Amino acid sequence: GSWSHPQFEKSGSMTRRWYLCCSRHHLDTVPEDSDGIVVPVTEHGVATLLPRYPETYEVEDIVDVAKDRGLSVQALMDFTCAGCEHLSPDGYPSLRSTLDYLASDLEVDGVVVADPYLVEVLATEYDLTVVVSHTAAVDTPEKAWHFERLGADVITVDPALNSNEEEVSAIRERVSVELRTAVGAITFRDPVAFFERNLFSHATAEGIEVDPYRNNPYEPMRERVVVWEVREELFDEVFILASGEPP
């Protein structure tokens, strides 16, 4: 009620499940009972290594239909490098313009980021869920604590910790944020992932194609260290990247 209309009314720890969605068609495969989807906002910079990245008109279609189906929506904007953007006076207005787009145009519920500066700006100036991506390689209590202090609401651990009770427990002892695990994700223990994710961060942001067989120098270098196993009971949230056939 209200002060002139008095009213008396009377009357969450299940694992929350998020699915990557890279296309309008991919959305149809998300399980009906899922809590939300994570959608790459390609042109703003994505470090996560994917089979395909949606164009802006696709993102907007995905988000509309997902909300119709009652799914929460997070934007994946987890670039690990933005070049010299932060050094120019234009950098801050450009960043705020991008976050306004996410918050007020797309109207996402949260944002999955890696860059500590974005964590800080999002937490300070917006009212979105701030999720630290696994591409930030948070693998220690110390790293988790600093991301919490900058304003993270949720921290995705590096996938190397996905079955590690001792190390996840050490992080829980230190921070109060929710912890997420990414399934089908590459661990920073991979010898070249750091560099390859920097490359895709720029490719997506700048609209420069990366073709696995033509111009990615990291593609022939190794078998990527993907982590498929997980102990879900250690985590508050599960984020499924690869669910089946690639989009």
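For every residue, the number given is its place in the sequence shown, counted from 1.
Chemist: Indicate whether the chain is continuous between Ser11 and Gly12 or, if not, how many deposited residues are absent from the coordinates: none, 1 to 3, 4 to 9, or 10 or more.
Modeler: The entry has 4 to 9 unmodelled residues between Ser11 and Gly12.
Chemist: Determine, for stretches 208-216 and 195-203, which one has the higher mean CA B-factor as deposited.
Modeler: Going by the record's values, the stretch with the higher mean is 208-216.
Chemist: Using only C-alpha atoms and the B-factors in the entry, which stretch averages higher, 30-38 or 48-56?
Modeler: In the deposited entry, the stretch with the higher C-alpha B-factor mean is 30-38.
Chemist: Which listed residue, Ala82, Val119, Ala144, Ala170, has the largest C-alpha temperature factor in the record?
Modeler: Answer, based on the entry's C-alpha B-factors: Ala170.
Chemist: Identify, among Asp153, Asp158, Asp105, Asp78, the residue whose C-alpha carries the highest B-factor in the deposited PDB entry.
Modeler: Result of the comparison over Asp153, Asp158, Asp105, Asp78: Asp105.
Chemist: Considering only modelled residues of the same chain, in which third does the CA B-factor of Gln7 rank: lowest, middle or highest?
Modeler: Lowest third of the chain for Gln7's C-alpha B-factor.
Chemist: Place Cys21 in the lowest, middle or highest third of its chain's C-alpha B-factors, as listed in the PDB entry.
Modeler: Its C-alpha B-factor, which the entry lists for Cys21, ranks in the middle third among residues of this chain.
Chemist: Where does the C-alpha B-factor of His134 rank in its chain, lowest, middle or highest third?
Modeler: Answer is lowest: the recorded C-alpha B-factor places it there.
Chemist: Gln74's Cα B-factor: lowest, middle or highest third of the chain?
Modeler: For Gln74, whose C-alpha B-factor we compare with every modelled residue in the chain, the answer is the lowest third.
Chemist: Quick check on the deposited entry: does the C-alpha B-factor of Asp115 sit in the lowest, middle or highest third of its chain?
Modeler: As the PDB entry reports it, the C-alpha B-factor of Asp115 lands in the lowest third of its chain.
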